[PDB]
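Next up, structure tokens for two forms of one chain, structure 1 and then structure 2.
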Structure 1
């Protein structure tokens, strides 16, 4: 018998790493495990096409936020037996457990594979030279703005580029998701959707959510984000941080591993940023401190010919040995709570900060219509970034854009 698994590029050699991870399972169950690697760019499409055609792999990886959508199409096997077999609900963070099913469904459709959440990477050299205490800059919004002001003013020059560093690199194209903006919405006491008397509605136009977005977008108006960044996406900003063009930017724990690996295998060990890398959690806003908590689950398609064998593989990948090994190869965090206690995570100081940030990780409701709701949100936010490009953003103009987003989102639900 043979299994097919579809994954995303979770590690630098993503196929090789997965083949090594499941070698003991291949040997132990006497089976070959064919893996196919989909860019995040087109994974939504390949997976959805397998769901409607009823042709594809036994297992697929899923972004946490996609489980509701795929579940609702009626193409996923229940996996209660696999979750029970791994310790059930108590074995996982509640922000991870939320993403095992369609919101409000009897049965689980996804087994948690790994987690990732966002924190600030910073240049320890740049902050030291501007006399900014990282604990102070990342403690509060007031601290954050004050650090960027000191960072804008500093004479410091990257020793490779001999040029300044821009204080903050954040993208301001159309976002593809609200991963970058959600923490500011949450930090201010806001949220994207509110569950009121059974149905969900937009909360993007609440006073608290508009104070969060406007704080985030206002950092660009105050010139802590350079013009050219308002034309870039997350990948090109990662390049800019790695290349010594900016002091601070938000990403997931993969950059820690990327810093120990040389330029010629997708890493940045050779760069000044790699020998001067700090990490801090999102600053606390008025109503507290939050980051985007996501990652990926594995799902079994209900048309698989190899269901027994494929649930065995799910028990394996979802369980303690495989959870530790995959996390070392990817730089992600294990989805299984137990497996965080491994020495290999406790002795990396930068990873400790992401492990701590997990307590303030927030996720989205696992909704059939989530992707639609995020598209309306980011399309309207994108027109607020256009106002920033022009130096014309106001609280009024942002309220008006989020009111149109809200009216569309209430409809979509």
Structure 2
């Protein structure tokens, strides 16, 4: 019997995964056993399995974990599976980069599903503020002009009878800090880390990265983000948006499904926000348009005693039918680019816009030491948000924080 470890990807995560593999089980005449790891403990459990040799056949891995676990020497090469699924041209480039440790020419993980983020907006609020959505979400200048108009607007939510916040975004020292910043960094022409001068180094303190960071964080100093937003997580901001408190916020495609679910079943179909829902990609910066991608991949431990059957299950879970099916349950975009043509996506205007957003997808570099980089970036970005909460983020203060971040990161990148 094969054993798979997964994270809570869908509302009934084990059940959905079992329904997903039921045809594979029938064709191979096996049961696949599943264990669900909470996102909190998943990494600890997976590293304990890597060090001990005691674990599942397959594990889910977040895309940013691939480099670290690969570098431990515990993953089976899966170039054969990826060739079977269509090779490099079967994936968005940003997704293909998540199949390996950066600069390896051997794949160790199979793309499973993508998490990308775009802006949701209140179509009624923008109509009432006189804001063209295409031009608000096309450029930085359009975006900040749109928030200005939304702040000035006399519009009130029909249900709350109160104004809407122009923009809600969190400012907590969580991993979401870095992916909410990344499109602004990238659109300015910056990066979190880059190769330069023969080494990997932080680029958080580059003029371009600082430009992007300051543009975004300064919106919360201009009155466009309510103070209360800064200490909420993405779940709480999503609930504020559903409750008619927010004109604009960034998230993945899951909320699209929930706008069709009645409040009696855990959704928000009856709320004004569900009936007046738009999506747009992140605006272009001066140096280009980028959409953050994350999500999850699958990997096979090389200590598995069922590698041949495990490889057949990776091809199954990576392939068209299972990619389309699982997306109905996760609300996430398939990792397999072919699957985006399915009518389940193309006949839903809001999902078609996420697929437009996908063309601009970009991932973090697949470094073995990525988690140490991310922790240091998150902590220092959280200090910049904390200055925002005081109305004291200046460009020089932001630069000094990112200078400290860059020294810490540069030191982390020198050890292995």
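Positions refer to the first chain, counted from 1. C-alpha atoms forming the largest set that superposes within 1.5 Å between two forms make up the rigid core.
Given the two isolated forms of this chain, which one is the form described as "open state" in its entry title?
That would be structure 2, which is the form described as "open state" in its entry title.
Which is the one residue in 226, 267, 134, 319 whose C-alpha moves 2 Å or more between structure 1 and structure 2, relative to the superposed rigid core?
It is 267.
Rigid core fitted, then: does residue 15 show a CA shift of 2 angstroms or greater between structure 1 and structure 2?
After core superposition, the C-alpha of residue 15 moves 2 Å or more between structure 1 and structure 2.
After fitting the rigid core, is the C-alpha of residue 367 off by 2 Å or more between structure 1 and structure 2?
Shift of 2 Å or more: no.
Do you see a C-alpha shift of 2 Å or more at residue 48 between structure 1 and structure 2, with the core held fixed?
The answer is yes, as the C-alpha of residue 48 shifts between structure 1 and structure 2 by 2 Å or more after core alignment.
Quick one: CA shift at residue 237 between structure 1 and structure 2, core fit, Å?
Residue shift at the C-alpha: 0.8 Å.
Superposing on the core, what C-alpha displacement does residue 329 show between structure 1 and structure 2, in angstrom?
C-alpha shift for residue 329: 2.4 Å.
Could you state, for a rigid core superposition, the Cα shift of residue 154 between structure 1 and structure 2 in Å?
Looking at the C-alpha of residue 154 between structure 1 and structure 2, the offset is 1.2 Å.
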